[PDB]
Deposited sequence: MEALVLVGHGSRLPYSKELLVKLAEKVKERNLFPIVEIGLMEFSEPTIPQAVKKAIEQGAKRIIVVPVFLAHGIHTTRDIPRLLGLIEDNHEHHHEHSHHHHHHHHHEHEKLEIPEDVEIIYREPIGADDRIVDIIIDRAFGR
């Protein structure tokens, strides 16, 4: 009934899509969402519209879109809301555009681990 769509920037190197794929597999492992799809803004496939369509066609009517980005900017405030036509979705279907990662204490934790090469 609802789907998680994880959305990422995309890269000409493979690292970005690998990351979204690992994140989606990890979230799949927690069994919270019936459907979990990934989309990339530029360069790679699947694209954000493709991810959304895949979710709809598995029978979701509430699409939770989470931008896997550190901060807001052009991509999160313009391009993505655009691609989601929030500015090809049925009536019976709502897109719920969520919030990026931001300055979360857990990323402070992650940064200190990285500082120490852990």
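Stretch of the deposited sequence lacking C-alpha coordinates, numbered from 1: 88-112 only.
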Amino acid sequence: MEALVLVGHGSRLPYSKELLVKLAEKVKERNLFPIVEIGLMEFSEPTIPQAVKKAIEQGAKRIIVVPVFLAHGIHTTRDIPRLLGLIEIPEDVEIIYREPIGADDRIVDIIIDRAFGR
From here on, numbers count along this sequence of modelled residues.
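As the entry records it, the average C-alpha temperature factor is higher for 89-97, out of 89-97 and 29-37. On average the C-alpha atoms of 50-58 have higher B-factors than those of the other stretch, with 50-58 and 66-74 being the two compared. Considering 4, 111, 1, 7 together, the PDB entry gives 1 the largest C-alpha B factor.
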